Structures are given as structure tokens and as C-alpha cells.
Amino acid sequence: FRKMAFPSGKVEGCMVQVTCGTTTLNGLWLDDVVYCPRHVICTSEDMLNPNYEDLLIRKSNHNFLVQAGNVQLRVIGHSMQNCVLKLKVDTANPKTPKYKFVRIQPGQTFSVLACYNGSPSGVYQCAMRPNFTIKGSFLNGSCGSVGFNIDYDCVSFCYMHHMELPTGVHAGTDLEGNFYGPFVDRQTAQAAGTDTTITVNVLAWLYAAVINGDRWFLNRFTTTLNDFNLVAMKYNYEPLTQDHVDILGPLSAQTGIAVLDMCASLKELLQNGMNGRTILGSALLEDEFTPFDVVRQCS
Amino acid sequence: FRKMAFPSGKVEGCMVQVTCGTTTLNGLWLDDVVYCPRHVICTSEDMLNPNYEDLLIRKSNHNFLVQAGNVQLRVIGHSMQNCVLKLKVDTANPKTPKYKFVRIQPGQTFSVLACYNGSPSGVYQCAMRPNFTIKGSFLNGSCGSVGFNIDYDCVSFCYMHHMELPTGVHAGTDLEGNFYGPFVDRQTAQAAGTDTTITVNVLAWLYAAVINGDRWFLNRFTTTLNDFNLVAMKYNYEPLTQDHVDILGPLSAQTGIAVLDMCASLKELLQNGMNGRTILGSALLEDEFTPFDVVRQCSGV
Ligand SMILES: *[C@H](O)[C@H](C[C@@H]1CCNC1=O)NC(=O)[C@H](CC(C)C)NC(=O)OCc1ccccc1
Ligand SMILES: *[C@H](O)[C@H](C[C@@H]1CCNC1=O)NC(=O)[C@H](CC(C)C)NC(=O)OCc1ccccc1
């Protein structure tokens with residue numbers, strides 16, 4: 001049982017490099033449009049406090065240098081949608097997959113294809129934290145890298161990278177240009193809300209540990225849904241809903257452990273700690289596997 | 001600090017399915033050759049105790065179904081090389097990347113593209129353990145999935161998947177069909193040797209901590225390589241090779257911390273524990289990041 005990302009080939013064929021003056025970042029080329037973060041139009045001084053509409057009206061098509069590998073693509077239009085710039089190009093990307101733009105909810109997961117200068121560097125799995133940050137691995141020049149899920153050949157784009165907070169976590173937008181969370185695309189120190197742990201994910205991962213022959217944390221105690229949620233909230237865990245309990249149904253049926261029995265197990269785990277033991281090789285309770293992630297990997 | 005796979009697109013374009021009778025696994029299509037585990041030619045019952053030379057005698061080119069998606073590739077020749085089958089097909093794969101076949105050492109990492117029915121399913125980072133197993137995530141029908149590194153557009157294939165051991169770890173071959181470790185492709189009870197911690201990777205991880213400012217564990221001592229190796233073995237840590245000292249060179253230069261000084265720091269951690277302190281926010285010493293993985297992630301490679 002490992003943190004597993006989607007194969008990135010369908011997205012790799014869409015990455016390009018976008019340059020305006022001195023600033024370089026990545027763009028997503030679908031059909032005849034290139035999507036990228038709007039702060040590519042900023043100089044260093046601009047970034048500190050930009051007025052984007054005012055900055056954008058002063059740009060021409062030829063201020064945008066888009067490169068797909070060695071080939072320049074000619075920009076023939078441009079518009080702005082929220083924090084995302086849409087560059088109309090004179091060539092259609094032949095490698096455009098079947099795709100959709102989706103806005104994901106907190107606790108959901110996706111794969112990130114980290115890119116620099118329009119070239120893919122690495123792929124890894126992330127979750128949208130409840131405070132709408134993501135614990136990523138991004139360096140300078142990674143903006144415009146996207147997050148995605150893949151279902152039967154259709155790529156669901158859910159994230160585009162824009163920045164790193166002073167705490168080292170990351171913030172971005174959906175493909176419509178709207179930030180996840182209370183962040184803005186300005187070069188200013190920004191704090192996130194207090195993060196919480198994704199409870200339904202922790203339970204899914206505890207079920208993964210059982211499917212893989214680890215049971216040390218189980219007990220014979222029981223709990224009601226409301227009594228578990230009281231303890232969970234006390235420990236900065238998100239509430240468990242009945243929808244979550246249902247979503248865990250297959251994992252419960254597979255292992256024969258009722259959801260509320262696994263809740264009792266996690267409650268003890270939260271109140272006693274792990275006593276220096278590990279679960280699936282982890283000294284901490286892991287919350288970036290969804291129930292579907294566990295099912296996909298285990299079955 | 002997270003495990004990051006290589007982008008998998010160059011390998012995805014090479015995955016096909018190979019069927020004999022009812023047995024289907026994955027194959028690797030490079031130029032006009034398809035590489036796959038030789039037990040594709042086994043029936044359910046023949047896997048218990050297979051005679052591969054005799055099983056292959058009864059096979060002809062026309063007994064092999066090679067498909068890229070639903071499109072059949074005609075097999076025009078077959079041979080066995082160690083535990084892999086090489087199927088000559090009549091079409092050169094137009095998506096063949098620049099590539100090499102390499103045999104990796106214990107402790108080296110690679111990305112695995114897990115495939116089923118020749119269809120890629122996920123990608124994750126693995127390390128070759130010192131007992132020559134990998135802690136993989138594989139299901140029925142994953143055999144023939146490959147593990148690989150990429151350097152400057154050249155894909156180095158290092159692993160092809162063949163089996164699961166009773167402890168739940170996995171075993172396989174290089175792309176010349178030579179098993180890593182002392183395993184055989186027979187459905188027999190086999191057991192991985194006792195595992196050990198990958199010292200060179202723990203050291204890499206200590207350097208990564210130092211690069212990020214977490215350096216409380218740096219002590220005022222040093223040690224010789226031989227003295228360190230003798231103590232490390234007492235803690236179930238691998239001995240260091242001369243090549244291990246050399247691949248730590250770049251991190252040693254970047255931090256100004258001598259490799260043998262860092263060794264003496266790790267020794268103190270082994271003899272006294274961490275005293276309830278963390279390193280990169282972990283209470284456990286991590287051993288599946290190589291020196292290259294640390295560099296690759298701190299740079300924009
Ligand atoms: C895009 O390549 C870049 C990604 C950052 C670079 C460092 N790690 C990343 O993920 N984005 C920015 O540099 C971004 C641009 C703004 C105009 C949105 N700025 C940023 O991330 O700095 C945030 C920050 C500002 C001031 C203090 C502390 C952090
Ligand atoms: C090839 O797809 C398969 C991979 C196994 C399937 C379960 N998880 C895996 O990694 N390899 C075999 O089935 C292999 C074939 C022999 C000729 C080497 N046998 C094997 O792995 O035996 C152990 C085992 C078999 C079936 C389920 C679980 C373990």
C-alpha cells in the first residue's frame with residue numbers, strides 16, 4: 001500500500017512554457033488555448049502589489065512568448081478569467097486528452113505533475129487540506145503546474161499552482177482561476193486557517209492497514225457517531241458525516257469491521273497515542289488517502 | 001519532504017498486454033521487441049513447478065497475443081532470455097524513448113508504473129531493499145509492470161515485476177530477466193532474507209535535513225569508514241561501500257559536512273536514539289530517499 005499518483009502522460013503532452021518579459025512559468029495547452037497563472041504578466045515590482053486588469057490591458061499578444069518544446073506558438077488572443085490567463089494560440093494541441101475542469105472539495109485527492117520551463121519533473125499525490133492549502137513540493141518556476149485525476153481516459157483538472165506560504169504549504173486555483181482558500185496572488189506573506197485532519201481519510205487508511213494484515217490498533221470498544229465526533233473535534237479532526245460512513249461501506253464490508261467500530265479504534269488511538277508503534281510504516285496517522293484511493297489500490 | 005515519481009509518459013507509450021491461453025500480463029514494447037515475464041506461457045497448474053524450456057518448446061509465434069489496447073501486434077519471433085520472453089513483432093513502436101537497460105543496486109530507487117491488461121494504473125516510487133525485495137503495491141495481473149529512472153530524456157529500465165512473497169513484498173528481474181536476489185519464478189514458498197536499513201539513504205536524508213536548517217544532530221566527532229561499518233551492522237544497518245561515499249559527495253559539498261562526520265553523527269543517533277526529537281518533522285529515520293532523490297527534489301531537474 002503506497003501513495004500512488006495517476007499516470008501523467010496525458011497531462012505531460014499539454015504542458016508548455018509561457019514567458020512575459022523576465023517571468024517564466026508553465027501553461028496548460030488544451031486545444032487552441034493555453035491556461036496559465038496571470039502573474040506571469042508581472043514584473044518583480046508588480047508582484048508586490050498588482051492591479052491585474054490595469055496590468056493586462058497594457059499587454060499585447062506579442063508580449064507573450066509560448067514555447068511547446070522547441071516550437072514557439074503564436075498568441076492570437078488573450079483574456080483573463082479570475083486568476084488565470086487564457087492565451088489563444090494559432091495551433092491546436094494534437095495531444096489534448098478528453099478533459100474536464102472540476103473544483104474539488106477539501107479532503108479530496110489528486111495527482112500533481114510538477115513542471116519547470118514547460119517540462120515535467122515529477123508526479124506525486126496530494127490532498128486538498130481542510131484549510132484549502134496543499135502540502136506540495138514546488139520550487140521557483142513551478143507555477144502553472146496542474147493537479148488532476150483520471151477517470152477512464154478523461155482528465156479532470158482541479159488545481160493550478162500559484163504560490164508558497166511562509167509555512168511551506170502551497171496555494172492555488174481551480175482552472176477557472178478561483179483560489180482554493182482565502183489567498184490572493186500577491187507577493188505578500190499569507191497565513192492559512194488552522195488546519196484540521198481529514199477524518200474519513202484517516203479511517204480509510206486504517207482500513208487499508210487491516211486489508212494489509214495490520215490490526216494492532218483495533219479494539220472491542222464501540223461508539224456512537226455523535227460521541228466519536230465530540231472526541232474528533234476535540235483533537236482538531238473534521239466531523240464524520242453519515243455520508244462519510246456510507247462511503248466507507250465497501251471498506252467495512254470487505255474487512256468485516258463496522259464503521260463505528262473503526263471509529264472506536266481511532267478514538268483510542270487519538271486518546272492514547274501510538275505508543276511508538278507504526279501503522280503501514282507510519283509513526284503518524286495518515287490522512288491523504290480517500291476511501292476511493294484505498295479501494296482502487298487494494299482491489 | 002515527499003516521495004516523487006518520474007513523469008511516466010515515456011513509459012506509458014511502451015506498455016502492451018501479452019496473453020497466452022488465459023494468462024494475460026503486461027509487456028514492454030521497445031522498437032520491434034516486446035519484453036515480458038516468461039511465466040505468461042504457464043497455465044494455472046503449471047506455475048507450481050514449471051519446466052520453462054519444455055513449455056516454450058510447445059509454443060509458436062502464433063500462440064502469443066500481443067495487443068496495444070485492442071490492436072493486435074503480430075509476433076514474428078520469440079526467444080527466452082533468463083526469466084523474460086522477447087517477442088519480435090512486426091511493428092516498431094513509434095513512441096519508443098531513448099532508453100537503456102540497467103541493473104540497480106540495493107538502496108537505489110525507481111518509479112514503478114503499475115499496469116493491468118497493458119493499461120497504466122498508477123505510478124509510485126520504490127526502493128530496492130537490501131534483501132532484494134521491493135515494498136510494492138501490486139495486484140493480480142500486474143506482472144510485467146516496469147520500474148525505471150529517467151535522466152535527460154533517457155529512460156533507464158531497471159525492474160520488471162514477477163511475484164509476491166508471503167510477507168507481502170515483491171520480487172522481479174532486470175530487463176535481461178535476471179532476478180534481483182535469490183528468487184525463482186515458481187509458485188513455491190519462498191522467503192525474503194532479513195532486511196536491513198539503507199545507510200547511504202539515511203545519510204542522504206540527514207543531509208536534506210541540514211540543507212533545510214534542521215541540524216541539531218550534527219556532533220563534534222568523526223569516524224573511519226571501517227569503524228562505522230562495523231557498528232552500523234550491529235544496528236541492522238547496511239555497510240557503506242566506496243561508491244556510497246562518492247554518491248554522497250555532492251550533498252557533502254553543498255552542506256560543508258564531511259561524509260565521515262555525518263557518519264559519526266548517525267552513529268550517535270543509533271547508540272542514543274533521538275530523545276523525543278524529530279528530523280524533518282519525523283521521529284523515524286527515513287531510508288528510501290537516495291542522494292539523487294534529495295538533489296533531484298531540491299533542484300528543478
Ligand atoms: C511560481 O513559480 C511561484 C511558485 C513558488 C515559488 C516558491 N515556491 C513556489 O511554489 N509563485 C510565486 O513565486 C508567487 C508569485 C505571487 C505573485 C503569487 N509568490 C510566492 O509564492 O511568494 C509567496 C510569499 C511571498 C512573500 C513572503 C513569503 C511567501
Ligand atoms: C503476476 O501478475 C503475479 C503478480 C502477483 C499477483 C499478486 N500480487 C503479485 O505481485 N505473479 C504471480 O502470480 C507469480 C507467478 C509465478 C510463476 C512467479 N506467483 C506469485 O506471485 O505467487 C504468490 C502469489 C500468487 C498469487 C497471489 C498472491 C501471491
# chains A, B, ... in the order shown; residues from 1 in each chain; ligands from 1
>>> interface_residues(of="chain A", to="chain B", cutoff="7 Å", atoms="only C-alpha atoms", output="PyMOL selection string")
chain A and resi 1-9+12+116+120-124
>>> select_by_dssp(residues="stretch 73-236 of chain B", states="alpha helix (DSSP H)", output="PyMOL selection string")
chain B and resi 199-211+225-234
>>> write_last_selection(atoms="C-alpha atoms", output="short mmCIF file (atom, residue, chain, number, x, y, z; two decimals), in the first residue's frame")
data_model
loop_
_atom_site.label_atom_id
_atom_site.label_comp_id
_atom_site.auth_asym_id
_atom_site.auth_seq_id
_atom_site.Cartn_x
_atom_site.Cartn_y
_atom_site.Cartn_z
CA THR B 199 22.54 3.55 5.47
CA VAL B 200 23.50 5.67 2.45
CA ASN B 201 19.90 6.83 2.12
CA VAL B 202 19.55 7.65 5.82
CA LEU B 203 22.70 9.75 5.40
CA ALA B 204 21.17 11.45 2.35
CA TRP B 205 18.12 12.24 4.46
CA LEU B 206 20.29 13.73 7.22
CA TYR B 207 21.89 15.98 4.60
CA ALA B 208 18.43 17.05 3.38
CA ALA B 209 17.53 17.96 6.96
CA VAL B 210 20.74 20.04 7.24
CA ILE B 211 20.00 21.78 3.91
CA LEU B 225 34.52 4.10 7.31
CA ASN B 226 35.58 0.70 8.64
CA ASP B 227 34.74 1.52 12.28
CA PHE B 228 31.38 2.94 11.19
CA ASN B 229 30.55 -0.11 9.07
CA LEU B 230 31.28 -2.46 11.98
CA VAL B 231 28.99 -0.56 14.38
CA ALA B 232 26.26 0.00 11.79
CA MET B 233 25.93 -3.76 11.23
CA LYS B 234 25.22 -4.14 14.95
#
>>> residues_around(residues="residue B:161", least_positions_apart="5", cutoff="10 Å", atoms="only C-alpha atoms", output="tab-separated table (two decimals) with N, CA, C and O atoms, in the first residue's frame")
chain	number	residue	atom	x	y	z
B	26	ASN	N	1.51	-7.90	-18.61
B	26	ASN	CA	1.97	-6.74	-19.30
B	26	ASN	C	3.30	-6.96	-19.97
B	26	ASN	O	4.06	-7.74	-19.52
B	36	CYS	N	8.51	-9.47	-21.71
B	36	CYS	CA	7.51	-9.76	-20.69
B	36	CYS	C	7.99	-10.93	-19.84
B	36	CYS	O	8.96	-11.61	-20.21
B	37	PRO	N	7.40	-11.14	-18.67
B	37	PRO	CA	7.79	-12.29	-17.84
B	37	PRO	C	7.47	-13.61	-18.54
B	37	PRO	O	6.41	-13.76	-19.14
B	112	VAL	N	7.72	3.04	-10.34
B	112	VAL	CA	7.01	1.88	-10.88
B	112	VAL	C	5.74	2.37	-11.55
B	112	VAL	O	4.96	3.11	-10.94
B	114	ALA	N	2.52	0.87	-12.41
B	114	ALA	CA	1.68	-0.31	-12.22
B	114	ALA	C	0.65	-0.39	-13.33
B	114	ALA	O	-0.13	0.54	-13.55
B	134	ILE	N	11.14	-5.43	-3.01
B	134	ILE	CA	10.61	-4.10	-3.06
B	134	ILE	C	9.30	-4.10	-2.33
B	134	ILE	O	8.58	-5.03	-2.37
B	136	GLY	N	6.28	-3.01	-2.80
B	136	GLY	CA	5.42	-2.55	-3.83
B	136	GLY	C	3.95	-2.61	-3.60
B	136	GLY	O	3.54	-2.98	-2.56
B	138	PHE	N	1.14	-4.19	-5.78
B	138	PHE	CA	0.79	-4.92	-6.97
B	138	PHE	C	-0.35	-5.89	-6.77
B	138	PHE	O	-0.45	-6.56	-5.80
B	142	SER	N	-0.54	-7.64	-12.60
B	142	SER	CA	0.45	-6.59	-12.64
B	142	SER	C	1.80	-7.05	-13.19
B	142	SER	O	2.66	-6.21	-13.46
B	143	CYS	N	2.03	-8.36	-13.31
B	143	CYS	CA	3.33	-8.81	-13.79
B	143	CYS	C	3.67	-8.17	-15.13
B	143	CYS	O	2.80	-7.95	-15.98
B	144	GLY	N	4.96	-7.85	-15.31
B	144	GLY	CA	5.39	-7.11	-16.47
B	144	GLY	C	5.40	-5.61	-16.31
B	144	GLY	O	6.01	-4.92	-17.13
B	145	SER	N	4.72	-5.07	-15.30
B	145	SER	CA	4.93	-3.67	-14.94
B	145	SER	C	6.42	-3.42	-14.71
B	145	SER	O	7.15	-4.29	-14.21
B	146	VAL	N	6.90	-2.23	-15.10
B	146	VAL	CA	8.33	-1.99	-15.04
B	146	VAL	C	8.63	-0.85	-14.07
B	146	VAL	O	7.79	-0.02	-13.73
B	147	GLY	N	9.88	-0.84	-13.62
B	147	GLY	CA	10.40	0.23	-12.78
B	147	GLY	C	11.51	0.90	-13.55
B	147	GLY	O	12.22	0.27	-14.33
B	170	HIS	N	7.65	-7.86	-2.80
B	170	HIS	CA	7.58	-8.22	-4.20
B	170	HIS	C	8.99	-8.46	-4.72
B	170	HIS	O	9.96	-7.97	-4.15
B	171	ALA	N	9.08	-9.22	-5.81
B	171	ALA	CA	10.35	-9.60	-6.38
B	171	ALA	C	10.23	-9.64	-7.90
B	171	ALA	O	9.16	-9.87	-8.44
B	172	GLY	N	11.36	-9.46	-8.56
B	172	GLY	CA	11.34	-9.37	-10.00
B	172	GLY	C	12.74	-9.36	-10.56
B	172	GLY	O	13.71	-9.64	-9.85
B	173	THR	N	12.84	-9.01	-11.84
B	173	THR	CA	14.07	-9.15	-12.61
B	173	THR	C	14.51	-7.80	-13.15
B	173	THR	O	13.78	-6.82	-13.09
B	174	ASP	N	15.73	-7.75	-13.68
B	174	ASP	CA	16.08	-6.63	-14.54
B	174	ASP	C	15.52	-6.90	-15.93
B	174	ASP	O	14.82	-7.89	-16.16
B	175	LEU	N	15.83	-6.05	-16.89
B	175	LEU	CA	15.20	-6.27	-18.19
B	175	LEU	C	15.93	-7.32	-19.02
B	175	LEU	O	15.48	-7.64	-20.12
B	179	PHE	N	16.76	-12.27	-11.99
B	179	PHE	CA	16.11	-11.88	-10.75
B	179	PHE	C	17.06	-11.04	-9.92
B	179	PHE	O	18.28	-11.24	-9.92
>>> residues_around(residues="stretch 194-207 of chain A", least_positions_apart="6", cutoff="6 Å", atoms="only C-alpha atoms", output="list in words")
residues 107, 131, 236, 237, 238, 286, 287, 289, 290 and 291 of chain A
>>> closest_residue(among="B:68, B:270, B:248, B:83", to="ligand 2", atoms="only C-alpha atoms and all ligand atoms")
B:83
